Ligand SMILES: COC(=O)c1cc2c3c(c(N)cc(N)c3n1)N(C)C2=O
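Next up: a single chain in structure tokens, the form solved without the ligand.
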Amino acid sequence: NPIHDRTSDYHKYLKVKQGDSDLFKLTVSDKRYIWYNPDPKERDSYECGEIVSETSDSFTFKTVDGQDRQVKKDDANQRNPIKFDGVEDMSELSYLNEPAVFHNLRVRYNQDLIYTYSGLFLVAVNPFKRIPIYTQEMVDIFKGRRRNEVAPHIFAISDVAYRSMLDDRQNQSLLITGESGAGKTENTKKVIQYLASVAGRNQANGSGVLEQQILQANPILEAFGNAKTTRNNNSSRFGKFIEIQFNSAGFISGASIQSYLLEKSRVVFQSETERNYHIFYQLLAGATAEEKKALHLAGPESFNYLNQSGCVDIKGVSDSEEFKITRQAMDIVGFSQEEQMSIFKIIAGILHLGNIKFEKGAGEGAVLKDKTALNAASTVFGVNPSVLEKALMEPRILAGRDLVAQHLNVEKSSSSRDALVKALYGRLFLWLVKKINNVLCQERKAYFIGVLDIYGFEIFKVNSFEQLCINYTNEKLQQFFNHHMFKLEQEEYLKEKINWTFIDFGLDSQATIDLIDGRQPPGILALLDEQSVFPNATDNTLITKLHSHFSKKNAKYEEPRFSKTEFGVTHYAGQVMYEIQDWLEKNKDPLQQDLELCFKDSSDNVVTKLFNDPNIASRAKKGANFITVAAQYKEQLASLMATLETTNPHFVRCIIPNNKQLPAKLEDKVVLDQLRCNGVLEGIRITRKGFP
């Protein structure tokens, strides 16, 4: 048994190392210590001081240096007996305070122990390096073990959700929270791997193909949906809820993926030191000479959509090698050789479209002097270069019932070219998902375990509509944890009348949530929609209306004195300033019909489905207007949350160690802000003084 064999990889990599004689001598000491702030300015940096004396309400301790301080006992962060350092469950700590919880996490982290239980949920601190703990051997160890019999691990929480699904015959969900780069996606991959193993079928010839396809579905979406941002080299630019389905016997019957709002703006713009989607780089590097030739491809520096950030490479990653993986994932899933080539023609097409350089003519209208890029794109897409040309600069619209040809200037033509690009990429992503889903859904499920992997809370120098939608989602996931951890728990106790005194844990993201998606009174999204459908509305009339409604009226809103185009929203993870530029068009997500017409007549079959298929090319109509991006997203986020409520949830809180993606550098301030806003210690207090 590996569990008990101290010489195993398990003990080696998942268990705390045996202390020595000198450590024992320290462990049996009678001295008592306290965690204090050497600087009262920096409350997150602590040192350990020894308590030398005590009055009825105070403690006098010594500081690392030559001095002595006194503190009220009710204001003291006592240090747990060292025997607790490295404990696998922090609900077991004598003293439960901030420095105490961080210290234990730090102790384990320094030994590459990234998993630690914090009551009923698991905490995960990003190692930022590889650790040999997700091997098939490790999987087999956790197979069927009770949470307290084995070490903290993502495999452990997975098996528990699994047994609960079988024992209670109820649906389960694994909610992995964390800001950008914290490790949500890696752990998500692990939960899938584990379930696929312990619950898959290992018959031969035809058998186990499903579980292999389930696994191969991730690398495809990652190539089209992930990209390098300043916070993560493999940031997920789309949200995801994966449904692992099981039959009545408890065997994987299949799975479906529900994607959420891809960043469609990234295809045409990346800020300095960021990349466009990985796929653009894997194609340009992994394509053969013929493909490269029949596609009119060149190097990254040759494409406007790939040479503006100044970054075409990611340290330690080979796009060429990555491309081989992607294509192999597509094969296994089932993408015909034809479909794939179409998929790359689109990628190549999008690249050429970004090369089209519009210029002014003799008048205000725009013209296209060089038609190389235009011709190239038209070729790979299989569309009439002249139809496409007029559809870009002179799209036709109705003026009443009259058909009027527009003559878009340079700026307008470029924006229209970008809208096409984004619609193009956006629909492709949805097609890929649809496709994969038809492969994985081959049997009526009896039960499922939902694994959520959203885009994490993020902040950049410039925050736009995209960031608001992302942080709004994180804000709701957090309230989901607060709701379940405290509100429902206590609402239960008090219902049974088990003699409980209500506790206010001070965790509530409702005010921030209402400010964003509030309807009555109208929140930010509601006002955005109003203005969005108001003809004479501008980004300036939108910000003015936003300030008007919330400035000095809502505690979570702020009208900055340093700017006229930004507004702040106080989230659980911090205040974020948002730039209002282009919000109206982003929410409208416009696309000229002449452009759609031009592509509905494409020779390529994939391209044609993206423009003739209702689910992909059609847009819901909220009456006289198309449903807005905000209204649809608010709507889809509401379904999810309603789906989660119908399951038994298990939380995994990923914690990022620092802001530099560096291993072995656990930064207190970075880590303590997360433990605080995530409500980790309150999560431990409810499990400790309550009735689980």
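Note that residue numbering follows the sequence shown and begins at 1.
The protein also exists as the form solved in complex with the ligand; that form is not presented, and the subsequent description refers to it.
Remark: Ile616 counts among the residues lining the ligand in the deposited bound form, judged by a heavy atom distance of 4.5 Å or less. Contact check for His352: no non-hydrogen atom falls within 4.5 Å of the ligand in the deposited bound form. Using a 4.5 angstroms threshold between heavy atoms, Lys73 stays clear of the ligand in the deposited bound form. Although the partner is absent here, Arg417 is not a contact residue: none of its heavy atoms lies within 4.5 angstroms of the ligand in the deposited bound form. The contact with the ligand in the deposited bound form, taken as any heavy atom within 4.5 Å, belongs to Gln520 out of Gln520, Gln136, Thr288, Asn499. Taking a 4.5 Å heavy atom cutoff to the ligand in the deposited bound form, the contact residue among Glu596, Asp89, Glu566, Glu394 is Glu596. Proximity of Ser164, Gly506 and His571 to the ligand in the deposited bound form is absent: no residue of the three has a non-hydrogen atom within 4.5 angstroms. None of 329 to 337, 381 to 389, 547 to 555, 394 to 402 except one has non-hydrogen atoms within 4.5 angstroms of the ligand in the deposited bound form; the exception is 547 to 555. Contact residues in stretch 572 to 597 (any heavy atom within 4.5 Å of the ligand, taken in the deposited bound form) are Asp589, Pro590, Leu591, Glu596.
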